[PDB]
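First structure 1, then structure 2: two forms of the same chain, each alone, as structure tokens.
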Structure 1
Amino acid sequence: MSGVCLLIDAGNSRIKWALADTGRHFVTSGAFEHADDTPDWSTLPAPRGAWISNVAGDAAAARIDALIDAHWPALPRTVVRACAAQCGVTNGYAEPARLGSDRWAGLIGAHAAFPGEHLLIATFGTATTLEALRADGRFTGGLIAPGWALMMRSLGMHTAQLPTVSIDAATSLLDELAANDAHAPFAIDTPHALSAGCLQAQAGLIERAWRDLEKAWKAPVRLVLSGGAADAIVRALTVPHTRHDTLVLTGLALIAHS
């Protein structure tokens, strides 16, 4: 019998995956793009099923199915969705099912990773999302903002004079931010005014939300950060933080192995 589960985290920007033998451990993992790209799965040991989080729409769903079937015909699979309660977490959304499935899995991962702690989970992807998670597993609410790269693109696409920086140039500007010292000053050129402005908006959101949460809950809150833009955001942060970049896949592993 196979001891491994295939886990897929399809977001708006890319598709991440892992093969998990327990609720916490991955045998291997990787990522690919939505178009003209396919992962190396012909060397993988056959999984007992797939668990799929997809917030990228029906086209992506059909494409993921096509990839799974092209390797393991009729593999059992589960389309993961947020629900009222699962794996120690209870969903405080007014309509639990409307919470993003990625966010749900991340909550489950974080609950397991940091037992007994109040958390603010910050995940940097297409969007920047925040979730407040009590030590007793109650997800009490959250916030959504555009992510750094989306902010940058929005400015070029919706003003006459600001450049729409390319994917590669945006990556270069983000990497420059990740080389900055603390308390970076303002910029003296347009591309850096954009990069720093969008970064400071990210840092400002996270710090303001974290302080608000500690003050509301009257207890220490662990700020947990995830995602590509975290390296740059950490240079700007002054508040304590923890990095955990596998919360969503861990949550999927916990669901699969439950």
Structure 2
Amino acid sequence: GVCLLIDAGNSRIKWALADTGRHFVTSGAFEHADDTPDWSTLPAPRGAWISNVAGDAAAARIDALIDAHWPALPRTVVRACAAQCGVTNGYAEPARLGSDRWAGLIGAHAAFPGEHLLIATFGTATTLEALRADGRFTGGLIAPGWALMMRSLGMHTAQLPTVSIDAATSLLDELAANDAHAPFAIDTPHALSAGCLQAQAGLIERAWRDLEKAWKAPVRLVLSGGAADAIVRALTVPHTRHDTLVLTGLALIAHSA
């Protein structure tokens, strides 16, 4: 019955064991450089389905973990394609879309049936994808995430005061503690943090409003990936968080005909 689902990204592997397209028996997560998951306890899976955007070392690690537990287990390295699980890929070259993004589109299509979606994923980059209710993925936008913008300004811009990666964390925590209002600032470090917050929220809000106007129907803004607490609090438009779009999509792929 059960399928092992692996969602490997920059530093973290998230995983689930699924007995259907939508149901997880259990799940967890671990850092790929250091950790080993507790899989000694799991029922043996029929196969594994893997989304890996973390590179070849992570691929070798995933294989090592799989084969240490279930030698020679069948596995499928998931990739974007032209059409799958109700989604049609609008990319000019479908296979150039990231596997995590493809699995996530499939999960969203299933999780929110009958709905036009704008999917915002918060990672190193902030990614926005437009998904029609009929399953057409019509395209994307990518912008730097808040920390990446803050690195540009605080560490890579000579003419601005130094704001370290760790100092940016402080400013982000303070934004959240202030419910992410981000007023015009009266000191330069706060001008950086508030301007970067305003860019993130402004991006998402603009894209959502324009998509409703373009498609002439309601659009659900779906938040995926990192918590992005300050960004989420700043938004003035309605939104729905879903934390397992990629794993859900992998379950669907695994249990498809």
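Basically, rigid core = biggest C-alpha set you can superpose within 1.5 Å across the two forms. Each residue is numbered by where it sits in the sequence of structure 1, with counting from 1.
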Tell me, which of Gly92, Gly100, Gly137, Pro146 is the one whose C-alpha shifts by at least 2 Å between structure 1 and structure 2, with the rigid core superposed? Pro146
Using a rigid core superposition, assess whether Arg48 undergoes a CA shift of 2 Å or more between structure 1 and structure 2. no
Fitting the rigid core first, would the Cα of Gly197 be found 2 Å or more away between structure 1 and structure 2? yes
Is there a C-alpha shift of 2 Å or more at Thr78 between structure 1 and structure 2 once the rigid core is superposed? no
Cα shift of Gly156 between structure 1 and structure 2 after core superposition, in Å? 4.9
Where the core is superposed, what shift in Å does the CA of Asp168 undergo between structure 1 and structure 2? 8.1
After superposing on the rigid core, how much does the Cα of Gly227 shift between structure 1 and structure 2, in Å? 2.6
